[PDB]
Amino acid sequence: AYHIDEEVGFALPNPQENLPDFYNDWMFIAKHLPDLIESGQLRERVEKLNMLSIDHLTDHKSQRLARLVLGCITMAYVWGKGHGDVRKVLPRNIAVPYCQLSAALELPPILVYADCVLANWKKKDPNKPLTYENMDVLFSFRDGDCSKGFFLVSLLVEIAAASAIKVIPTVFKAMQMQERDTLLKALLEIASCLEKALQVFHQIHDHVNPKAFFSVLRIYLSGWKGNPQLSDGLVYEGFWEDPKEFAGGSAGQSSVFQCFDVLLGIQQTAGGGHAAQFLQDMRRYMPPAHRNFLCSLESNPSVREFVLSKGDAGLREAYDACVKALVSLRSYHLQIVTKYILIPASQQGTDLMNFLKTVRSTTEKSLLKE
Ligand code: HEM
Ligand SMILES: Nc1ccccc1C(=O)C[C@H](N)C(=O)O
């Protein structure tokens, strides 16, 4: 069904918090990364784990939790305290089950958005709503890392986007039914929800401190693709013989922007030399069912062409409201990357800026006007 929820969208609805007692040894380490890292006992605990079979993970929610658990342990093992003391070999007894589970779930054996954000959360009270005050994350890395604020605000933007995502079938049906008003309603509804998502994005400032993000959390989200600290990638002991590179790119692995890029025929899949290659690569790091969803949307008739073919200024204005909301979102995201990467980096990206500025202006160049 593309694993897309009416309420939470690309987020994993109501994730599992507990594994079977079989996996308690995994569970304990993941639940205690702040103390084990700080006290310098983490790597020993990982290095003294026994081989635990994944055959006792009986369903998707259990596999997603195990993947989040092993991904957090792996990031902590590789990066340690976060200050250059690195491990380049992931011990056999983590690496083999982590890589087996990853293959089953068709995701790379590294921490991704779909683990640390889409699966990493709970309601404090199951009867209060999906708001920040009623929610928590399941795992953090270090005390003060602001992982609660970063993951939960990302999740809440994701949940806000769900309201626009569930309208997408109405769009294609209305094109196909030849239902002009239904299509116009739907596009205005999508834009309205995307605007609401932009409002939710503002909570980022209330809960994430630029020093903590840039200097702590960013470290544990860092990968080994093009990383000088791990120039040949990571050795997954006992599974592949030579090291492999995978990006640690959690923020950029949301499907939300690409979801509406593709819906509105904005051309970034194919296009820019280095911008389109980056956007296509980050798809490798999305759950397969979401990869599938983005592809099926590309195969559908073009909404942008349909609107263009109609000589209908009302349609063109609803379409442009969607494109505007997507520009607003990337423009605000530009501001945040300035606040949370660029300024702290200088207090010690021009390629990073150019990538984001490019995707925004390509989105901006898509407005119809006429
Ligand atoms: C909170 C919700 C967020 C969402 C939904 C989101 C979404 C995205 C998306 C879709 C991209 C791909 C570029 C594009 O499509 O325009 C991207 C890139 C990026 N975002 Fe975010 N983002 C969020 C928050 C953040 C935050 C708080 C930071 C803090 C610095 C950040 C840092 C980055 C970086 C560095 C990139 C470039 C890819 C990379 O090098 O990792 N993002 N983001
Ligand atoms: N801060 C942590 C550090 C390490 C492991 C878990 C956490 C949590 O966030 C626990 C959360 N209160 C929960 O409801 O599971």
# chains A, B, ... in the order shown; residues from 1 in each chain; ligands from 1

call {"tool": "residues_near_ligand", "arguments": {"ligand": "ligand 2", "cutoff": "8 Å", "atoms": "only C-alpha atoms and all ligand atoms", "output": "short mmCIF file (atom, residue, chain, number, x, y, z; two decimals) with C-alpha atoms, in the first residue's frame"}}
result
data_model
loop_
_atom_site.label_atom_id
_atom_site.label_comp_id
_atom_site.auth_asym_id
_atom_site.auth_seq_id
_atom_site.Cartn_x
_atom_site.Cartn_y
_atom_site.Cartn_z
CA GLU A 17 9.21 0.24 21.72
CA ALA A 30 20.89 1.40 22.69
CA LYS A 31 18.96 2.64 25.74
CA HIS A 32 22.17 3.77 27.47
CA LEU A 33 24.32 5.43 24.81
CA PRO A 34 24.78 8.69 26.84
CA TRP A 121 9.09 8.03 18.70
CA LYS A 122 6.15 7.41 21.03
CA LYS A 124 3.57 9.96 26.21
CA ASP A 136 9.14 11.43 23.06
CA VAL A 137 11.95 9.74 21.12
CA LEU A 138 13.10 6.22 21.94
CA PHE A 139 16.88 6.70 21.65
CA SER A 140 19.42 9.53 22.00
CA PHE A 141 23.22 9.59 21.74
CA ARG A 142 24.59 11.98 24.36
CA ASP A 143 23.06 14.14 27.05
CA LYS A 148 14.53 14.83 21.05
#

call {"tool": "residues_around", "arguments": {"residues": "residue A:164", "least_positions_apart": "2", "cutoff": "10 Å", "atoms": "only C-alpha atoms", "output": "mmCIF file with N, CA and C atoms, in the first residue's frame"}}
result
data_model
loop_
_atom_site.group_PDB
_atom_site.id
_atom_site.type_symbol
_atom_site.label_atom_id
_atom_site.label_comp_id
_atom_site.auth_asym_id
_atom_site.auth_seq_id
_atom_site.Cartn_x
_atom_site.Cartn_y
_atom_site.Cartn_z
ATOM 1 N N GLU A 6 -2.451 7.562 6.628
ATOM 2 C CA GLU A 6 -3.344 8.710 6.532
ATOM 3 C C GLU A 6 -3.037 9.754 7.605
ATOM 4 N N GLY A 9 1.656 9.730 7.642
ATOM 5 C CA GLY A 9 2.324 9.841 6.356
ATOM 6 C C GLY A 9 3.467 8.870 6.126
ATOM 7 N N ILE A 159 4.410 14.717 9.918
ATOM 8 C CA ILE A 159 3.004 14.448 10.193
ATOM 9 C C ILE A 159 2.114 15.532 9.593
ATOM 10 N N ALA A 160 2.554 16.795 9.645
ATOM 11 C CA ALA A 160 1.804 17.858 8.981
ATOM 12 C C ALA A 160 1.690 17.591 7.488
ATOM 13 N N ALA A 161 2.779 17.137 6.869
ATOM 14 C CA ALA A 161 2.754 16.838 5.442
ATOM 15 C C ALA A 161 1.760 15.731 5.108
ATOM 16 N N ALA A 162 1.530 14.799 6.035
ATOM 17 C CA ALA A 162 0.560 13.736 5.794
ATOM 18 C C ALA A 162 -0.776 14.286 5.298
ATOM 19 N N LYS A 166 -2.215 12.705 1.715
ATOM 20 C CA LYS A 166 -3.432 11.918 1.526
ATOM 21 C C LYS A 166 -4.364 12.485 0.463
ATOM 22 N N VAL A 167 -4.150 13.735 0.028
ATOM 23 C CA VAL A 167 -4.969 14.342 -1.019
ATOM 24 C C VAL A 167 -4.494 13.955 -2.419
ATOM 25 N N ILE A 168 -3.262 13.475 -2.545
ATOM 26 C CA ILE A 168 -2.672 13.115 -3.834
ATOM 27 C C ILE A 168 -3.552 12.182 -4.666
ATOM 28 N N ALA A 186 -8.503 20.245 -4.557
ATOM 29 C CA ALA A 186 -7.442 19.390 -4.043
ATOM 30 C C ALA A 186 -6.107 20.116 -4.010
ATOM 31 N N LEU A 187 -5.796 20.881 -5.059
ATOM 32 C CA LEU A 187 -4.515 21.579 -5.097
ATOM 33 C C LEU A 187 -4.459 22.689 -4.056
ATOM 34 N N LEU A 188 -5.567 23.399 -3.848
ATOM 35 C CA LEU A 188 -5.593 24.404 -2.792
ATOM 36 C C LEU A 188 -5.429 23.742 -1.423
ATOM 37 N N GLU A 189 -6.102 22.606 -1.220
ATOM 38 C CA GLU A 189 -5.961 21.856 0.024
ATOM 39 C C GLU A 189 -4.512 21.422 0.257
ATOM 40 N N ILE A 190 -3.834 20.940 -0.785
ATOM 41 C CA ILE A 190 -2.441 20.537 -0.617
ATOM 42 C C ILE A 190 -1.583 21.739 -0.220
ATOM 43 N N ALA A 191 -1.763 22.873 -0.914
ATOM 44 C CA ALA A 191 -0.986 24.072 -0.589
ATOM 45 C C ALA A 191 -1.243 24.524 0.844
ATOM 46 N N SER A 192 -2.509 24.521 1.258
ATOM 47 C CA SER A 192 -2.864 24.927 2.612
ATOM 48 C C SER A 192 -2.123 24.086 3.646
ATOM 49 N N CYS A 193 -2.139 22.757 3.467
ATOM 50 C CA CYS A 193 -1.435 21.856 4.380
ATOM 51 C C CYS A 193 0.072 22.071 4.346
ATOM 52 N N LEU A 194 0.642 22.307 3.159
ATOM 53 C CA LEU A 194 2.077 22.561 3.102
ATOM 54 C C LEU A 194 2.429 23.853 3.834
ATOM 55 N N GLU A 195 1.545 24.847 3.777
ATOM 56 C CA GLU A 195 1.742 26.072 4.547
ATOM 57 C C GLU A 195 1.739 25.764 6.037
ATOM 58 N N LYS A 196 0.755 24.967 6.480
ATOM 59 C CA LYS A 196 0.710 24.526 7.866
ATOM 60 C C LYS A 196 1.992 23.787 8.260
ATOM 61 N N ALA A 197 2.525 22.946 7.368
ATOM 62 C CA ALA A 197 3.804 22.295 7.640
ATOM 63 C C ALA A 197 4.918 23.313 7.869
ATOM 64 N N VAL A 256 9.446 13.974 1.654
ATOM 65 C CA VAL A 256 8.356 14.946 1.554
ATOM 66 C C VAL A 256 8.577 15.917 0.393
ATOM 67 N N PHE A 260 6.375 16.107 -3.398
ATOM 68 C CA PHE A 260 5.657 17.193 -4.048
ATOM 69 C C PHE A 260 6.396 17.764 -5.250
#

call {"tool": "residues_near_ligand", "arguments": {"ligand": "ligand 1", "cutoff": "9 Å", "atoms": "only C-alpha atoms and all ligand atoms", "output": "VMD selection string"}}
result
chain A and resid 150 to 158 200 to 205 208 210 213 to 214 218 222 247 to 258 261 275 278 to 279 282 329 to 331 333 to 334 336 to 342 349 352 to 353 355 to 360 363

call {"tool": "write_last_selection", "arguments": {"atoms": "C-alpha atoms", "output": "PDB file, in the first residue's frame"}}
result
ATOM      1  CA  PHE A 150      15.636  17.486  16.154  1.00  0.00           C
ATOM      2  CA  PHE A 151      13.899  14.143  15.593  1.00  0.00           C
ATOM      3  CA  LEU A 152      10.486  15.127  16.966  1.00  0.00           C
ATOM      4  CA  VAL A 153      10.221  18.442  15.100  1.00  0.00           C
ATOM      5  CA  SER A 154      11.210  16.589  11.907  1.00  0.00           C
ATOM      6  CA  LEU A 155       8.571  14.007  12.695  1.00  0.00           C
ATOM      7  CA  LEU A 156       5.942  16.718  13.282  1.00  0.00           C
ATOM      8  CA  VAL A 157       6.723  18.347   9.934  1.00  0.00           C
ATOM      9  CA  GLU A 158       6.377  14.866   8.457  1.00  0.00           C
ATOM     10  CA  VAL A 200       5.386  23.539  12.312  1.00  0.00           C
ATOM     11  CA  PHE A 201       8.978  23.853  11.081  1.00  0.00           C
ATOM     12  CA  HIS A 202       9.386  26.950  13.307  1.00  0.00           C
ATOM     13  CA  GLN A 203       9.381  24.820  16.494  1.00  0.00           C
ATOM     14  CA  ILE A 204      12.924  23.793  15.480  1.00  0.00           C
ATOM     15  CA  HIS A 205      14.292  26.917  17.253  1.00  0.00           C
ATOM     16  CA  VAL A 208      17.461  22.641  18.992  1.00  0.00           C
ATOM     17  CA  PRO A 210      23.037  25.256  17.149  1.00  0.00           C
ATOM     18  CA  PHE A 213      23.432  20.142  16.715  1.00  0.00           C
ATOM     19  CA  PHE A 214      26.587  21.138  14.868  1.00  0.00           C
ATOM     20  CA  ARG A 218      25.753  16.002  13.585  1.00  0.00           C
ATOM     21  CA  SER A 222      27.745  11.420  10.003  1.00  0.00           C
ATOM     22  CA  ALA A 247      26.267   8.434   3.397  1.00  0.00           C
ATOM     23  CA  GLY A 248      25.079   9.580   6.749  1.00  0.00           C
ATOM     24  CA  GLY A 249      22.455  11.994   5.509  1.00  0.00           C
ATOM     25  CA  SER A 250      19.462  11.826   7.817  1.00  0.00           C
ATOM     26  CA  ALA A 251      17.895  15.260   7.309  1.00  0.00           C
ATOM     27  CA  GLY A 252      18.110  15.124   3.503  1.00  0.00           C
ATOM     28  CA  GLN A 253      16.479  11.680   3.333  1.00  0.00           C
ATOM     29  CA  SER A 254      12.904  12.841   3.891  1.00  0.00           C
ATOM     30  CA  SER A 255      10.638  11.930   0.976  1.00  0.00           C
ATOM     31  CA  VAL A 256       8.356  14.946   1.554  1.00  0.00           C
ATOM     32  CA  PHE A 257       9.972  17.520  -0.743  1.00  0.00           C
ATOM     33  CA  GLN A 258      10.552  14.972  -3.524  1.00  0.00           C
ATOM     34  CA  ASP A 261       8.476  17.895  -6.514  1.00  0.00           C
ATOM     35  CA  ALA A 275      21.983  18.413  -7.726  1.00  0.00           C
ATOM     36  CA  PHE A 278      22.408  13.950  -5.003  1.00  0.00           C
ATOM     37  CA  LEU A 279      18.607  13.864  -4.951  1.00  0.00           C
ATOM     38  CA  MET A 282      19.240   9.952  -1.298  1.00  0.00           C
ATOM     39  CA  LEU A 329       9.644  25.460   2.747  1.00  0.00           C
ATOM     40  CA  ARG A 330      13.026  25.194   1.026  1.00  0.00           C
ATOM     41  CA  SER A 331      13.722  28.895   1.647  1.00  0.00           C
ATOM     42  CA  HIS A 333      15.155  25.236   5.341  1.00  0.00           C
ATOM     43  CA  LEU A 334      17.937  27.344   3.816  1.00  0.00           C
ATOM     44  CA  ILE A 336      17.891  26.793   9.248  1.00  0.00           C
ATOM     45  CA  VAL A 337      20.943  25.238   7.608  1.00  0.00           C
ATOM     46  CA  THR A 338      22.542  28.672   7.863  1.00  0.00           C
ATOM     47  CA  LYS A 339      21.693  28.816  11.566  1.00  0.00           C
ATOM     48  CA  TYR A 340      22.620  25.205  12.446  1.00  0.00           C
ATOM     49  CA  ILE A 341      25.521  24.345  10.100  1.00  0.00           C
ATOM     50  CA  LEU A 342      26.999  27.402   8.426  1.00  0.00           C
ATOM     51  CA  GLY A 349      29.263  24.802   3.090  1.00  0.00           C
ATOM     52  CA  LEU A 352      26.209  22.848   0.556  1.00  0.00           C
ATOM     53  CA  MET A 353      24.552  26.240   0.071  1.00  0.00           C
ATOM     54  CA  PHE A 355      23.086  22.624  -3.698  1.00  0.00           C
ATOM     55  CA  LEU A 356      20.153  23.864  -1.619  1.00  0.00           C
ATOM     56  CA  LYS A 357      19.933  27.240  -3.396  1.00  0.00           C
ATOM     57  CA  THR A 358      19.814  25.343  -6.688  1.00  0.00           C
ATOM     58  CA  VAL A 359      16.957  23.043  -5.711  1.00  0.00           C
ATOM     59  CA  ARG A 360      14.959  26.046  -4.479  1.00  0.00           C
ATOM     60  CA  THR A 363      11.447  24.829  -7.692  1.00  0.00           C
TER      61      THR A 363
END

call {"tool": "atom_distance", "arguments": {"atom1": "atom CA of residue A:107", "atom2": "atom CA of residue A:287"}}
result
6.5 Å

call {"tool": "closest_residue", "arguments": {"among": "A:116, A:303, A:230, A:69", "to": "residue A:174", "atoms": "only C-alpha atoms"}}
result
A:303

call {"tool": "select_by_dssp", "arguments": {"residues": "stretch 108-165 of chain A", "states": "strand (DSSP E)", "output": "list in words"}}
result
residues 122, 123, 135 and 136 of chain A

call {"tool": "write_last_selection", "arguments": {"atoms": "N, CA, C and O atoms", "output": "PDB file, in the first residue's frame"}}
result
ATOM      1  N   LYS A 122       7.325   7.949  20.343  1.00  0.00           N
ATOM      2  CA  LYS A 122       6.154   7.410  21.025  1.00  0.00           C
ATOM      3  C   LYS A 122       5.299   8.562  21.521  1.00  0.00           C
ATOM      4  O   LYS A 122       5.766   9.697  21.683  1.00  0.00           O
ATOM      5  N   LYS A 123       4.032   8.246  21.760  1.00  0.00           N
ATOM      6  CA  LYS A 123       3.160   9.117  22.524  1.00  0.00           C
ATOM      7  C   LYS A 123       3.386   8.907  24.012  1.00  0.00           C
ATOM      8  O   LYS A 123       3.422   7.770  24.489  1.00  0.00           O
ATOM      9  N   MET A 135       4.861  13.795  23.215  1.00  0.00           N
ATOM     10  CA  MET A 135       5.674  12.836  22.489  1.00  0.00           C
ATOM     11  C   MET A 135       7.088  12.767  23.048  1.00  0.00           C
ATOM     12  O   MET A 135       7.555  13.662  23.763  1.00  0.00           O
ATOM     13  N   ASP A 136       7.763  11.680  22.684  1.00  0.00           N
ATOM     14  CA  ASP A 136       9.143  11.427  23.059  1.00  0.00           C
ATOM     15  C   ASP A 136       9.815  10.601  21.964  1.00  0.00           C
ATOM     16  O   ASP A 136       9.145   9.924  21.171  1.00  0.00           O
TER      17      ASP A 136
END

call {"tool": "closest_residue", "arguments": {"among": "A:129, A:15, A:301, A:223", "to": "residue A:176", "atoms": "only C-alpha atoms"}}
result
A:301

call {"tool": "closest_residue", "arguments": {"among": "A:22, A:77, A:369, A:59", "to": "residue A:44", "atoms": "only C-alpha atoms"}}
result
A:77

call {"tool": "residues_around", "arguments": {"residues": "residue A:171", "least_positions_apart": "6", "cutoff": "12 Å", "atoms": "only C-alpha atoms", "output": "ChimeraX atom specification"}}
result
/A:164-165,177-190,263-264,297,300-304,306-307,315,318-319

call {"tool": "write_last_selection", "arguments": {"atoms": "N, CA and C atoms", "output": "mmCIF file, in the first residue's frame"}}
result
data_model
loop_
_atom_site.group_PDB
_atom_site.id
_atom_site.type_symbol
_atom_site.label_atom_id
_atom_site.label_comp_id
_atom_site.auth_asym_id
_atom_site.auth_seq_id
_atom_site.Cartn_x
_atom_site.Cartn_y
_atom_site.Cartn_z
ATOM 1 N N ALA A 164 -1.391 16.852 3.401
ATOM 2 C CA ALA A 164 -1.295 17.084 1.963
ATOM 3 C C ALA A 164 -1.068 15.799 1.169
ATOM 4 N N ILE A 165 -0.347 14.813 1.732
ATOM 5 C CA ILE A 165 -0.047 13.580 0.999
ATOM 6 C C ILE A 165 -1.318 12.785 0.734
ATOM 7 N N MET A 177 -10.982 11.565 -14.006
ATOM 8 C CA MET A 177 -12.426 11.762 -14.062
ATOM 9 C C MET A 177 -12.839 12.969 -14.902
ATOM 10 N N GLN A 178 -11.899 13.853 -15.258
ATOM 11 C CA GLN A 178 -12.197 15.180 -15.808
ATOM 12 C C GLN A 178 -13.109 15.976 -14.862
ATOM 13 N N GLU A 179 -12.563 16.273 -13.680
ATOM 14 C CA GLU A 179 -13.269 16.972 -12.604
ATOM 15 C C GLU A 179 -12.456 18.210 -12.218
ATOM 16 N N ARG A 180 -12.761 19.332 -12.870
ATOM 17 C CA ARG A 180 -11.954 20.543 -12.737
ATOM 18 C C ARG A 180 -12.037 21.129 -11.332
ATOM 19 N N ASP A 181 -13.252 21.283 -10.804
ATOM 20 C CA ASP A 181 -13.397 21.845 -9.465
ATOM 21 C C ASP A 181 -12.781 20.932 -8.403
ATOM 22 N N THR A 182 -12.981 19.615 -8.527
ATOM 23 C CA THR A 182 -12.387 18.683 -7.576
ATOM 24 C C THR A 182 -10.869 18.787 -7.600
ATOM 25 N N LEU A 183 -10.298 18.931 -8.796
ATOM 26 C CA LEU A 183 -8.857 19.102 -8.911
ATOM 27 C C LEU A 183 -8.408 20.428 -8.296
ATOM 28 N N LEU A 184 -9.154 21.511 -8.544
ATOM 29 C CA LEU A 184 -8.783 22.818 -7.998
ATOM 30 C C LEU A 184 -8.854 22.821 -6.474
ATOM 31 N N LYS A 185 -9.952 22.286 -5.916
ATOM 32 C CA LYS A 185 -10.073 22.101 -4.472
ATOM 33 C C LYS A 185 -8.858 21.366 -3.924
ATOM 34 N N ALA A 186 -8.503 20.245 -4.557
ATOM 35 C CA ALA A 186 -7.442 19.390 -4.043
ATOM 36 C C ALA A 186 -6.107 20.116 -4.010
ATOM 37 N N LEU A 187 -5.796 20.881 -5.059
ATOM 38 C CA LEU A 187 -4.515 21.579 -5.097
ATOM 39 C C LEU A 187 -4.459 22.689 -4.056
ATOM 40 N N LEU A 188 -5.567 23.399 -3.848
ATOM 41 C CA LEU A 188 -5.593 24.404 -2.792
ATOM 42 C C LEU A 188 -5.429 23.742 -1.423
ATOM 43 N N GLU A 189 -6.102 22.606 -1.220
ATOM 44 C CA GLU A 189 -5.961 21.856 0.024
ATOM 45 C C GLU A 189 -4.512 21.422 0.257
ATOM 46 N N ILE A 190 -3.834 20.940 -0.785
ATOM 47 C CA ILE A 190 -2.441 20.537 -0.617
ATOM 48 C C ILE A 190 -1.583 21.739 -0.220
ATOM 49 N N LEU A 263 5.090 15.247 -7.777
ATOM 50 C CA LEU A 263 3.664 15.473 -8.007
ATOM 51 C C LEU A 263 3.434 16.646 -8.950
ATOM 52 N N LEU A 264 4.185 17.725 -8.769
ATOM 53 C CA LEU A 264 4.011 18.939 -9.540
ATOM 54 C C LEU A 264 4.943 19.002 -10.738
ATOM 55 N N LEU A 297 4.394 7.874 -8.793
ATOM 56 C CA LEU A 297 3.975 9.247 -9.070
ATOM 57 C C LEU A 297 4.610 9.792 -10.341
ATOM 58 N N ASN A 300 2.685 8.504 -13.460
ATOM 59 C CA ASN A 300 1.348 9.003 -13.676
ATOM 60 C C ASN A 300 1.370 10.175 -14.651
ATOM 61 N N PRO A 301 0.229 10.467 -15.279
ATOM 62 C CA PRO A 301 0.122 11.675 -16.110
ATOM 63 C C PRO A 301 0.546 12.924 -15.344
ATOM 64 N N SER A 302 1.150 13.862 -16.070
ATOM 65 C CA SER A 302 1.728 15.052 -15.471
ATOM 66 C C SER A 302 0.628 16.030 -15.075
ATOM 67 N N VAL A 303 0.579 16.334 -13.781
ATOM 68 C CA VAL A 303 -0.305 17.369 -13.268
ATOM 69 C C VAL A 303 0.035 18.716 -13.895
ATOM 70 N N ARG A 304 1.329 19.016 -14.033
ATOM 71 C CA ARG A 304 1.739 20.313 -14.561
ATOM 72 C C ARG A 304 1.286 20.490 -16.004
ATOM 73 N N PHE A 306 -1.274 18.842 -17.431
ATOM 74 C CA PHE A 306 -2.728 18.928 -17.409
ATOM 75 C C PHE A 306 -3.178 20.353 -17.125
ATOM 76 N N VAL A 307 -2.660 20.948 -16.054
ATOM 77 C CA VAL A 307 -2.997 22.335 -15.743
ATOM 78 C C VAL A 307 -2.626 23.253 -16.902
ATOM 79 N N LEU A 315 -7.065 27.035 -12.156
ATOM 80 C CA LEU A 315 -6.148 25.908 -12.025
ATOM 81 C C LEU A 315 -4.702 26.365 -11.916
ATOM 82 N N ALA A 318 -4.060 27.618 -8.339
ATOM 83 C CA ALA A 318 -3.972 26.572 -7.332
ATOM 84 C C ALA A 318 -2.658 25.818 -7.458
ATOM 85 N N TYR A 319 -2.254 25.497 -8.694
ATOM 86 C CA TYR A 319 -0.960 24.859 -8.911
ATOM 87 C C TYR A 319 0.163 25.736 -8.371
#

call {"tool": "residues_around", "arguments": {"residues": "residue A:91", "least_positions_apart": "4", "cutoff": "7 Å", "atoms": "only C-alpha atoms", "output": "ChimeraX atom specification"}}
result
/A:47,95,237

call {"tool": "write_last_selection", "arguments": {"atoms": "N, CA, C and O atoms", "output": "tab-separated table (two decimals), in the first residue's frame"}}
result
chain	number	residue	atom	x	y	z
A	47	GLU	N	31.85	-4.90	21.71
A	47	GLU	CA	32.83	-5.91	21.33
A	47	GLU	C	32.66	-7.20	22.11
A	47	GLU	O	33.25	-8.20	21.73
A	95	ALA	N	27.69	-6.57	12.94
A	95	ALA	CA	27.65	-6.23	11.53
A	95	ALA	C	26.83	-7.23	10.73
A	95	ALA	O	26.04	-6.84	9.86
A	237	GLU	N	32.39	-6.45	9.41
A	237	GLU	CA	33.12	-7.68	9.63
A	237	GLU	C	32.23	-8.91	9.50
A	237	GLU	O	31.14	-8.98	10.08

call {"tool": "atom_distance", "arguments": {"atom1": "atom CA of residue A:13", "atom2": "atom CA of residue A:268"}}
result
29.1 Å

call {"tool": "atom_distance", "arguments": {"atom1": "atom CA of residue A:235", "atom2": "atom CA of residue A:19"}}
result
26.6 Å

call {"tool": "select_by_dssp", "arguments": {"residues": "stretch 19-244 of chain A", "states": "helix (DSSP H, G or I)", "output": "ChimeraX atom specification"}}
result
/A:21-31,33-38,42-47,60-79,92-105,113-116,132-134,147-165,168-177,180-201,204-207,210-221,228-230
